[PDB]
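Letters go in sequence order (proteins before strands), and every chain restarts at 1. Basis for what follows: all heavy atoms, side chains included, without hydrogens, waters or symmetry-related copies.
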Amino acid sequence: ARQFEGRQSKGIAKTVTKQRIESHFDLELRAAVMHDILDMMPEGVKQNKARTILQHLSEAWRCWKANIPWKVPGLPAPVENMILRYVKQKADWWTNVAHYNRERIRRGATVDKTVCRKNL
Amino acid sequence: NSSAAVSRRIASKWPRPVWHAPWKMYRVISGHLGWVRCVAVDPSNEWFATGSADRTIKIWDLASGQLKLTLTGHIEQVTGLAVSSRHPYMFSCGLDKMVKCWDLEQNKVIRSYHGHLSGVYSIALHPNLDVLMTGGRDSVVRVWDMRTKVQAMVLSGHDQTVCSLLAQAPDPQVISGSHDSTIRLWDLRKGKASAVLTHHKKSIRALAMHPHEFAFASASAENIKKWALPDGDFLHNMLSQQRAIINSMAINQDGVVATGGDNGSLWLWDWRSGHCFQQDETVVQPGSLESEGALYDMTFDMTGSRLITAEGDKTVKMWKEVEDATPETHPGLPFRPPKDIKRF
Amino acid sequence: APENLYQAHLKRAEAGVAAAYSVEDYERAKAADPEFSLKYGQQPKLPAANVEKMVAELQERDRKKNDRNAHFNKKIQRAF
Amino acid sequence: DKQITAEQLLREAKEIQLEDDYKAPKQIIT
Amino acid sequence: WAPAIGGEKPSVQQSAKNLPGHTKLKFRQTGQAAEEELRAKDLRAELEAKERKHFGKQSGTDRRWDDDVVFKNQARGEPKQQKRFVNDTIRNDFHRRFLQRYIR
Amino acid sequence: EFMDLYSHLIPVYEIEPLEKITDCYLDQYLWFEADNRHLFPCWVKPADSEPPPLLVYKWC
Amino acid sequence: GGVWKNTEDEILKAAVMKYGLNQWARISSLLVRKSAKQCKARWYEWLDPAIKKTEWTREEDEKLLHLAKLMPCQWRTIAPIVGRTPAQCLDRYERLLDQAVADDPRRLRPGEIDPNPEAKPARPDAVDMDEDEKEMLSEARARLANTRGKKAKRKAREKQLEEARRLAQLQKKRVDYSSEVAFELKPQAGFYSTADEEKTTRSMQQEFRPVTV
Amino acid sequence: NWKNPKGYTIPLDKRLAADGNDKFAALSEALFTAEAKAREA
Amino acid sequence: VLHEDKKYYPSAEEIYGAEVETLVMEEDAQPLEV
RNA sequence: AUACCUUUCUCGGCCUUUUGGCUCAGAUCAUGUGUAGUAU
RNA sequence: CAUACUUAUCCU
């Protein structure tokens, strides 16, 4: 069928496999933040500052990871609270995945070669 | 008629609010490790399920609040939960693009519905057919054969995430609300929208049917509207604005409408008059941010006397009516009819 | 501001009626035409000049009217 | 006699005009 | 910035996950909260019964060797630890125990 | 840095080599001088005289 | 190896503007003599703008002496509470301590290794240069300017080559998005009849006045 | 302060700026008079 | 002195009050086989 | 030849954006002759 | 003419 119909390479759904797990998280995470952004903006506000809010969320995640307190001087408190709540969502996820992978590493359960480095 | 004419009719004839006893929050349950995102009550009314951002579904005792069971099978957040009334089946959707049928006699996933291109946000079981409906970030309601796992239908037309879903036996058998700010009422035989409702300005994150009336409520960050069925005739806005993104809406048989805000507010409204008799803010459990305070799902138990809320401080909260209240000791927020003359 | 550009839209409205049309122009166009209804859709009898008027009118408006890092800061000294 | 403050060098870098792209030649076109 | 939208001879490629399975539905029988069985009862009676049972039947009511020693009674005053949930990523108790266990 | 021993992690500290030299000389100087003084009694005990098994044996 | 010559301080500062505070091995590459550890140390011990190199207050001296008795020899702790840096705090306390008492075995020997060259002020650029202090500066200038890639250069050249080929073919002679309208969406019918408008559009398309690119 | 795909040079403090006990005395005093009493005795 | 057995937050009992039942459910009552 | 309105020129000024999203800051960061070609 | 760069060319 692939020989005679051709490869159906078109909008069939890709599973979220172990190699896509972290990148799909961030897809979904950003989409969620974008949902919230569009709903938080008042009615006549140019709905294009969302990209800079997403950059602030990236920054706040790196600042969480590095243990750096951030305070953007002119960030609306709604936008900032949204960022804090989603950085905490990622922080919970990442820490729980670290707890889980540590127990597998301790047991000797099968982990990837990069899971050992990522968990360290 | 007009906005002026109709405003005078409204000052004269608006249905007065039916007195409803206040609700109090009597139980917090901690134990999910991420935002609790979905709730579902079992038709027997003795357990509820909550899905989480920690990717699990927990089964809780409805009367003790006790963790009966944790179910792990989703790779990402559980975003929607539906317990079947006709099958011993629970359905979950998740941000992992996956819809799962859990056999509740095995406590195991027996079917998987494959085909959402992005995270799934909403789920609904057809109450009479063995069919389920899911919406997701791919802007599409996928209609599934429960048995064969086949995608029987795709309801196309929304432009952003299908965030809310209703299923009923009469036409329109699917109602969806989307991030594109519209509500589609679908003709399930034809695969086509029978109506597109564009009255909302923000995204419709919550839908709710009236348990007994042929009417549904939709909720935005800007308004809760009430719509008559089949045709989606705008009935009215709630007489106040929760000034919040409403994530969840539940309607009672007494006509208590509970709406839950992304800021953790919980307002209780009179269905039929549109008037909010109660306004609450959540308390977030110790450790939480107060930014991390949303109210992601709410359901009433099957009797209507309990409201279970799924919260962003990772708690389940339970509310009961203070039903030893009487219209004299406990009237709540008091009503002034929509006396204004306004533009609609 | 929609009020600012609204009084500028009324600028344009009264200016262009003062610039392109006259009262006997209007009233004799009407005198030719009794229906000033149910005629919607059918184009009305008006001089072919009118068209370019609009066009010229708006065209009138027209003649009134590292690298990327420089812009960024130029937003900040603007703001900060 | 003159030293090396930053900013002046930054201006020199600006003069080095990056690669803003040269306009396509205006060849006569039939 | 924008997801793929997922609108809908037939192709004869057959997936392994699309082969017949679980080809009949379970329905709720008498005894598994079936709809005709549940109209028959008062669910509010059973809920208030179970809640009262829980809420009452959880309440339960209707010189020596140590004379040169410089410090005495040093455990007294220590806090006994509690079953509590802190909604903090790094300041909860599972995490403090985890880091105590795995970092030496 | 952490050294992963799979059941736990050991912290590993990288000190400036220039400092390391002074620190290792101090380390040797202090242990030599301490031993001369019998600063540490014989109960303190990764002692030089005996491997860890001869310690278990001397305890028996 | 060695103290910082003022050209290096300024390349380090320009790189901190270009690269930020966490790219010390990217910044370390402009400077051939210095490693990322030393660049980081120079920034934090001397070139942090938030370092007060001003003269010492005397509220600050009594803070420093209070602290040096509170947290004795803990200069990394003491230093942020004074507001200075540990080497500033340390030698200021030494100065004040000799002020009370009013070679030395406690000073750098000729040919010894200075422990913290990153705390001392920059040796200024000299009347001359070297191909080290000029090739480094030119590497720095380029690397501070460039954000491009290479194939854009191919781009214009490739198009010119193609244009030349087209010209040659024309001389020798001497989807289709112009037969069809791409995915054509015709305007939907309204209340007004647009037959005449369509004729005019065709006439406009027929026109071929000379127009430059 | 991690990312810069464009390469924009940021002013040194436009980077730094956006997203930025009393018992010690008791202890050191007690320890210092302890040193003193010990030395004198 | 207050150690690094420091408390950072109040309890769920100080937070919610005497009349809110506060449950911490960290393990399931039953196995998957029920 | 002056007072009025009115019309013209010259200063002063401005937002998104071009931000390749994620991870174990993704990781590491650096131990040649000899020729010739070129830049100097 | 002296620093550098290099190239599946050439050795160590």
(message) Tell me the closest heavy-atom pair linking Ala4(E) and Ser118(B), and the distance in Å.
(response) O-OG, 4.4 Å

(request) Could you have a look at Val140(B), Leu117(B), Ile110(B) and say which one has the most heavy-atom pairs with chain E under 4.5 angstrom? (result) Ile110(B)

(message) Please find the pair of heavy atoms, one from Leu47(E) and one from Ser305(B), that lie closest to each other, and give the distance.
(response) CD2-OG, 3.7 Å

(request) Kindly compute the distance separating CD (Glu105(B)) from CD (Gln32(E)), expressed to the nearest 0.5 Å. (result) 4.5 Å

(request) Kindly compute the distance separating CZ (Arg27(B)) from CZ (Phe55(E)), expressed to the nearest 0.5 Å. (result) 4.5 Å

(request) Would you check if the side chain of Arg86(B) reaches a backbone N or O of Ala34(E) as a donor-acceptor pair within less than 3.5 Å? (result) no

(request) Considering non-hydrogen atoms only, spot the tightest contact between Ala63(B) and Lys50(E) and give its length. (result) CB-CB, 3.5 Å

(message) Using heavy-atom distances under 4.5 Å, tell me whether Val83(B) contacts chain E through its side chain, its backbone, both, or neither.
(response) side chain

(message) With chain E as the partner, which of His116(B), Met153(B), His114(B) has the greatest number of non-hydrogen pairs under 4.5 Å?
(response) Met153(B)

(request) Sort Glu51(E) into side chain, backbone, both or neither according to what part of it lies under 4.5 angstrom from a heavy atom of chain B. (result) both

(message) With a 6.0 Å cut-off (strictly less than), is the heavy-atom count around CG of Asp62(E), excluding the residue itself, greater than 12?
(response) no

(request) Could you check which of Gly157(B), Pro88(B), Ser139(B), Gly31(B) has the highest count of heavy-atom pairs closer than 4.5 Å to chain E? (result) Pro88(B)

(message) With rounding to the nearest 0.5 angstrom, report the OG to CZ distance, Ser84(B) to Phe27(E).
(response) 9.0 Å

(request) Return the option, out of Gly304(B), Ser288(B), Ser156(B), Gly115(B), with the maximum number of heavy-atom pairs under 4.5 Å with chain E. (result) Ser288(B)

(message) Looking at every heavy atom in both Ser85(B) and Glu35(E), which two are closest together, and how far apart are they?
(response) CB-OE2, 3.5 Å

(request) Working to the nearest 0.5 Å, report the span between NE2 of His54(E) and CD of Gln66(B). (result) 8.0 Å

(request) Would you mind reporting whether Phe85(E) and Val28(B) have side-chain heavy atoms less than 4.5 Å apart? (result) no

(request) Just give me the residue among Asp88(E), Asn18(E), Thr23(E), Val86(E) that pairs up with chain B most often, heavy atom to heavy atom, under 4.5 Å. (result) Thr23(E)

(message) Please check if the number of heavy atoms outside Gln82(E) that lie under 6.0 Å from its CD is greater than 12.
(response) yes

(message) For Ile5(E) versus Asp159(B), what's the shortest heavy-atom pair and its separation?
(response) CD1-O, 3.8 Å

(request) Go through the atoms of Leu25(E) and report whether side chain, backbone, both or neither lie under 4.5 Å from a heavy atom of chain B. (result) both

(message) Around atom CZ of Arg104(E), are there more than 12 heavy atoms from other residues, nucleotides or ligands closer than 6.0 Å?
(response) no

(message) So, taking the atom named CD in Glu323(B) and the one named CZ in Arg44(E), what distance separates them when rounded to the nearest 0.5 Å?
(response) 9.0 Å

(request) Measure the CD-CD distance between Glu46(B) and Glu46(E) for me, rounded to the nearest 0.5 Å. (result) 8.0 Å

(message) Is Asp61(B) close to chain E through its backbone or its side chain, or both, or neither, when contacts mean heavy atoms under 4.5 Å?
(response) neither

(request) Measure across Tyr89(B) and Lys24(E) and return the closest heavy-atom pair with its distance rounded to 0.1 Å. (result) OH-O, 4.3 Å

(message) In the structure I gave you, are the side-chain heavy atoms of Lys17(E) and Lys149(B) within less than 4.5 Å of one another anywhere?
(response) no

(message) Is there a side-chain contact between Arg28(E) and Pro43(B) in this structure, where contact means two heavy atoms from C-beta onward sitting under 4.5 Å apart?
(response) yes

(request) Counting only heavy atoms closer than 4.5 Å, note whether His158(B) contacts chain E via side chain, backbone, both or neither. (result) backbone

(message) Only pairs of heavy atoms separated by less than 4.5 Å count here; which of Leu43(E), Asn87(E), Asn92(E) has the most with chain B?
(response) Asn87(E)

(request) Answer yes or no: are there more than 12 heavy-atom neighbours, outside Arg96(E) itself, under 6.0 Å from its atom CZ? (result) no

(request) Could you tell me which of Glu48(E), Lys53(E), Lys41(E), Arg52(E) has the largest number of non-hydrogen atom pairs under 4.5 Å with chain B? (result) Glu48(E)

(request) Name the region of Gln58(E), side chain, backbone, both or neither, that has any atom closer than 4.5 Å to a heavy atom of chain B. (result) neither

(message) Would you say NZ of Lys83(E) has more than 12 non-hydrogen atoms from neighbouring residues, nucleotides or ligands within 6.0 angstrom?
(response) yes

(message) Under a 3.5 Å distance rule, please check whether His87(B) uses its side chain to pair with a backbone N or O of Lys26(E) as donor and acceptor.
(response) yes

